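Colleague: There's a structure below that I have some questions on.
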Amino acid sequence: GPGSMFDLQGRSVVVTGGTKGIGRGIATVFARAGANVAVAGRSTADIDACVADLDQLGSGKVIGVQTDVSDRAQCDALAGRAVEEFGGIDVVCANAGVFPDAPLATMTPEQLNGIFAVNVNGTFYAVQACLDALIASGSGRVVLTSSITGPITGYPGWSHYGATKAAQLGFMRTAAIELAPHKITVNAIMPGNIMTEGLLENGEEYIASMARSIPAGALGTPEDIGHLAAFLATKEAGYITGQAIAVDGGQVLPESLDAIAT
Amino acid sequence: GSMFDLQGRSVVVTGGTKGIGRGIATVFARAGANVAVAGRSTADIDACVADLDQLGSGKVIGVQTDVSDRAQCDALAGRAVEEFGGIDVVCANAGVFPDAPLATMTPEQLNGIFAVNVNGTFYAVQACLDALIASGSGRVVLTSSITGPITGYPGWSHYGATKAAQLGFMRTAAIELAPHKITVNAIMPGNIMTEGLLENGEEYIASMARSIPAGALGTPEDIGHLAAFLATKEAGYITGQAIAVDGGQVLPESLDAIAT
Amino acid sequence: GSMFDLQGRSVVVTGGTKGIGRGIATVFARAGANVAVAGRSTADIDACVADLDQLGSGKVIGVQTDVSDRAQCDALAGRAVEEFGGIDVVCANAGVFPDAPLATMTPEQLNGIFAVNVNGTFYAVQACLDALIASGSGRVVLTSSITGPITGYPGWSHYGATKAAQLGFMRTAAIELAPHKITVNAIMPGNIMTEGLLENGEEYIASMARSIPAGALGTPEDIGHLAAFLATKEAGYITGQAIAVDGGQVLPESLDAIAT
Amino acid sequence: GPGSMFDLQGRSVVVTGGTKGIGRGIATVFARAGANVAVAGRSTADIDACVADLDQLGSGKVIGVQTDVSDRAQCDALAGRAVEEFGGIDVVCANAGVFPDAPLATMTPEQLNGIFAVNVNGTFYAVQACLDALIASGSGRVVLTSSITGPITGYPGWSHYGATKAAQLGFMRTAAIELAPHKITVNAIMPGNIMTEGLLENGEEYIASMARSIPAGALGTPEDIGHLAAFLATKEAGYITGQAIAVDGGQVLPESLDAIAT
Ligand SMILES: [Ca+2]
Ligand SMILES: [Ca+2]
Ligand SMILES: [Ca+2]
Ligand SMILES: [Ca+2]
Ligand SMILES: [Ca+2]
Ligand SMILES: [Ca+2]
Ligand SMILES: [Cl-]
Ligand SMILES: [Cl-]
Ligand SMILES: [Cl-]
Ligand SMILES: [Cl-]
């Protein structure tokens, strides 16, 4: 709220892939902070359920828009809806992303192009769609959901995924310069291993095993990502641009499992 | 209770009486934190403490400390614990940046800059470690720089070396202190406007600013706001990160790549 | 038998007829390697092959290939295996760098640059993978750029995105191909003097050079020499590394930090 | 040799900590390549044994100099000996380093200052001592032995060590600019886990366990480091400066042990 540090009340936010997992975590934090939030996703049932919940969390308006981010024209439609309902857009959380696996030896052109269409083109298109509004904002913010996988780590089966997540940071490093005259910052979050509803389907033993490779000793939460996105979206983070920040409980630091202290 | 609450959190800021450190201390004081500022000059400490105590409901104290002396760091920690009941956050900010060309840099110049910039960082964290463990949500925030970890600047090879040393320390300390629920992160300031830098005059600053995509130098509060975020409960899953606060300074391939 | 021997090593270079790729191909040909150069223009391929075959005892072939087509990459690999008996090294070098401001960049411009720069990299490696496994000392060398992984340059957000994508690919491919004794590394050229760049004239080049600590643009052979090293048996424990060949271009904080 | 790619014949090299382990690996590669090599170390018995072996490997002159690199004046004496015997210095391999352990909670001022004196001051002093000769060379080369530990990874017990190894890279990033007008390049090697005589004292089982955390499936060798140092020292590597390159068999890449393919 006004007079508080890190005020986001009445700030207008678009979150792609905002109905589940990390995206819902970002949308939730913004909603609690009093922001107007447009959540985009592919399933109208998931969108409506998310909107119903989030609208109750704070004084901002929350809307849902079915959007395939891989289609520039649908990204334009999403930006248009947010401008019509909120009067503007101050923050775009280009979060939509998928992570199917494909060994390099078998990965097909369809698999390669498909993951790029969502993860990279959807990032570009979301930003371009919102750019006019972000300019008009005067304190615009672009927050990309990248990953430790690609920019920092590797993981067999995800060479395409990592390529997309690094691509987002290459985009960032230029977009931060290109958009600086408009007072728009462009930053990224690299989540490590975050507990989601999907991951819980695998059961408690699988998660505990993953947690043993993390210095923090536990997986993070979707709100861990949302809280950083919220910080980056504040007026107080205005001199931060072009940064990729890992939210990973130290996952990338140990030289091997033997380097983990408990 | 609010998002990003720091009310009643207890903070130690080394080199906290001037410049970036004063910016850090100020943001914490406004957030309702208890703040212990350390510095070398008792006149600057007393002036700083007088201004900060007025900003919020927290207790502010000032402690004359040479951070290059482990014993003096221990004494600073002791004072903070005695006066606040604990320490939740250490901002190891103290640092100096004299120049020395590589060709002429003396052993005395090399050792001196390391004693403050690097030994002062280890010692401030070590001194506060027992309290940070007792906290249950402890936080170490290091003030590094873009110079060293990212960029170079002739005359500052020793300084850059100290700034990068802090991040090397960080990457192990983050692992080593994780079992205690202490996060360890670093801020890499770019070009930040300070009182010291204004002595050079407005034309010098404007020239510097033309090399920054943001088109202006940052402020000490820019650094303090990031330190304050890292210090929140909400930042508990972020550790071992070095984060530049530089208006995009390190991004352009050359002056030619800056848009305006 | 000598240190850094490449005699009879079999190399595929995509985009090998011009610029940096021709530099790569040239260094390998001089080292006695068999070299397959791929390109889009049959006139450039035939001219390139004529010159390279004269440089060493290795066989040189030229193959017209659109690397954005997986099938054409498979055909290039097939030709190299048929003519050389195997493939020890793939230099996935092919790449384009048209500009497009972010504000106006079309889907066609975005997709096009990715098809060449990124899909062409995956496909060239995949096409050669069976041969690289059969090699026993296989090598993948990617031509990335400072732009994307390190720097930004307005008009090239898509290009930078492709260049960084290559390194994301690398970091997994290095792990995934390690059991096969295949290393995967990347070169990040800075500003390299090419025939294309000389069309702009000597004043433009001199201006660019003043922003580089080395004080000159690099050469295609600078890139080729690093690729050749990575391709040696002696470089077998180096994998997943991206190495800039840029005369220090990315280091200075600003033009003001350059010494002369 | 002349007319060969990567000629180092008659190039003049100073290697600090050059009598054992990685240093001896660097010195050996240079000796095989026909370089003049001055090896420095602390133990006259180790120096003389190393010099005897290396002098046989090629046509260059090899000398040994007892040097405590933490003392600037002894670094000057070392540079002086190399200039007197070889006529000049083209390459300094600032390799000397120690890696004692100290938990952060107990690390003393003596431990902290001691490791910095060798690992950092010895790097600065070796370069400064050789700088006049490197200038006179016209194709001078500084090669620092850093580590993955500090610049990239962490390892409990080695926070001071990692701080020293990162310090070397901060020095590099400025020295590369500062020395560029003299045509001196300044690069670093970050070894991962390298098999040395010291490490073999721990036995085969310990090493095999370490190897399982490495994508390459084995520890590297001192000559792996030496071959890269040799490459960086060539005329052909003249446009490479300010780079830190890991020689680690992929050790830093996996997100965890679960990400290792075999
Ligand atoms: Ca509401
Ligand atoms: Ca107060
Ligand atoms: Ca001065
Ligand atoms: Ca031939
Ligand atoms: Ca154009
Ligand atoms: Ca000899
Ligand atoms: Cl990246
Ligand atoms: Cl660092
Ligand atoms: Cl990258
Ligand atoms: Cl570093």
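Colleague: By how many degrees, 0 to 90 and rounded to 10, does the Cα axis of helix B:42-53 deviate from the longest principal axis of chain B?
Modeller: Result, in degrees: 70.
Colleague: Could you work out the local net charge near B:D222, counting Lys and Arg as +1, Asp and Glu as -1, over the other residues with Cβ closer than 12 Å to its Cβ?
Modeller: Once positives and negatives cancel, what remains is -2.
Colleague: Find out how many positive minus negative residues lie around C:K59, taking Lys and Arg as positive, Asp and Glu as negative, among other residues whose Cβ is under 15 Å from that of C:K59.
Modeller: Charge balance near C:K59 sits at -2.
Colleague: Straight-line reach from C:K59: which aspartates and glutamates fall under 17 Å, measuring Cα to Cα and dropping same-chain residues less than 8 apart?
Modeller: The qualifying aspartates and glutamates are C:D5, C:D46, C:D51, C:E82, C:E83, C:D88.
Colleague: Can I ask one more? How far is helix C:120-135 tilted, in degrees, relative to the longest principal axis of the Cα atoms in chain C, given as a value from 0 to 90 rounded to the nearest 10?
Modeller: Here the helix axis deviates by roughly 30 degrees.
Colleague: With an 8 Å cut-off on Cα pairs and a minimum separation of 6 or more residues, tell me the relative contact order of chain C in percent.
Modeller: Normalised by residue count, the contact order of chain C is 20 percent.
Colleague: Right, here's the next one. Counting only residues 5 or more places away or on other chains, whose amide H sits under 5 Å from the amide H of C:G152 once H atoms are built in the peptide plane?
Modeller: Result for C:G152 returns B:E253.
Colleague: Next question, about the same structure. Excluding residues fewer than 8 places away in the same chain, name every one of the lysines whose C-alpha is closer than 19 Å to that of B:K233.
Modeller: Cα-Cα hits under 19 Å: B:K181.
Colleague: For the protein assembly as shown, report the convex hull volume of the alpha-carbon atoms normalised per residue, in Å³, without decimals. All intermediate terms of the calculation are to be shown ahead of the outcome.
Modeller: On the way: hull volume 157.7 nm³, N = 1044.
So the per-residue hull volume is 151 Å³.
Colleague: Counting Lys +1, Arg +1, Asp -1, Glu -1, what net charge surrounds D:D46 among other residues with beta carbon under 12 Å of its beta carbon?
Modeller: 0
Colleague: Over all directions, the average projected area of the alpha-carbon convex hull for region B:1-111 comes to how many nm²?
Modeller: 8.1
Colleague: Turning to a different aspect of this structure: Helix-derived [θ] at 222 nm for the protein assembly as shown: sum -39500 (n - 2.57) over DSSP H runs of at least 4, divide by residue count, nearest 500?
Modeller: Working: 36 runs with 428 residues, N = 1044.
The per-residue figure over the protein assembly as shown is -12500 deg cm²/dmol.
Colleague: Over chain D, calculate the relative contact order: mean separation of alpha carbon pairs under 8 Å at least 6 apart, over the residue count, as a percent.
Modeller: Worked out over chain D, it gives 20 percent.
Colleague: If you don't mind, there's one more thing I want to ask. What are the residues whose amide H is under 5 Å from the amide H of D:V37, where those residues sit 5 or more places off or on another chain and H is modelled from the backbone?
Modeller: Residues meeting the amide H criterion: D:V13, D:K61, D:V62, D:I63.
Colleague: Read phi for every residue in region B:226-234 and hand back ³J(HN,Hα) as whole Hz from Karplus 6.51 cos²θ - 1.76 cosθ + 1.60, θ = phi - 60°, with x for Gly and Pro.
Modeller: Using θ = phi - 60°, the values come out as 6, 4, 5, 4, 4, 6, 5, 4, 5 Hz.
Colleague: Please turn the phi angles of region D:104-113 into ³J(HN,Hα) values with the Karplus equation 6.51 cos²θ - 1.76 cosθ + 1.60 (θ = phi - 60°), one per residue in order, whole Hz, x for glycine and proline.
Modeller: With coefficients 6.51, -1.76 and 1.60, one gets 4, 5, 10, 3, 8, x, 4, 5, 5, 5 Hz.
Colleague: At a 10 Å Cβ-Cβ cut-off, how would you order D:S137, B:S145, B:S2, C:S137, fewest neighbours first?
Modeller: B:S2, C:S137, D:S137, B:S145
Colleague: Any idea what angle helix B:157-177 forms with the longest principal axis of chain B, computed on alpha-carbon atoms, 0 to 90 degrees, nearest 10?
Modeller: Relative to chain B, helix B:157-177 is tipped by roughly 40 degrees.
Colleague: Moving on. From the phi angles alone, apply the Karplus equation (6.51, -1.76, 1.60; θ = phi - 60°) to region B:6-21 and give each ³J(HN,Hα) in whole Hz, x where the residue is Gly or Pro.
Modeller: 10, 5, x, 5, 10, 10, 10, 10, 7, x, x, 9, 9, x, 4, x
Colleague: Would you please state which residues of region B:18-60 a label at B:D69 would reach in this model, taking the label point 7 Å out along Cα→Cβ and a backbone N cut-off of under 12 Å?
Modeller: Flagged as within label range: B:40.
Colleague: Also, I was wondering about something else. To the nearest 20 Debye, how big is the dipole of region B:1-120 about its Cα centre, given +1 on the beta carbon of each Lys and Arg and -1 on that of each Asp and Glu?
Modeller: That gives region B:1-120 a dipole magnitude of about 200 debye.
Colleague: Going by how many other beta carbons lie within 10 Å of each one, how would you line up A:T28, C:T172, fewest first?
Modeller: So the ranking, lowest neighbour count to highest, is A:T28, C:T172.
In this analysis, Cβ positions are derived from the backbone assuming ideal geometry, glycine residues included, and neighbour counts consider all displayed protein chains. None of the figures in this text is laboratory data; all of them are computed from the coordinates on show.
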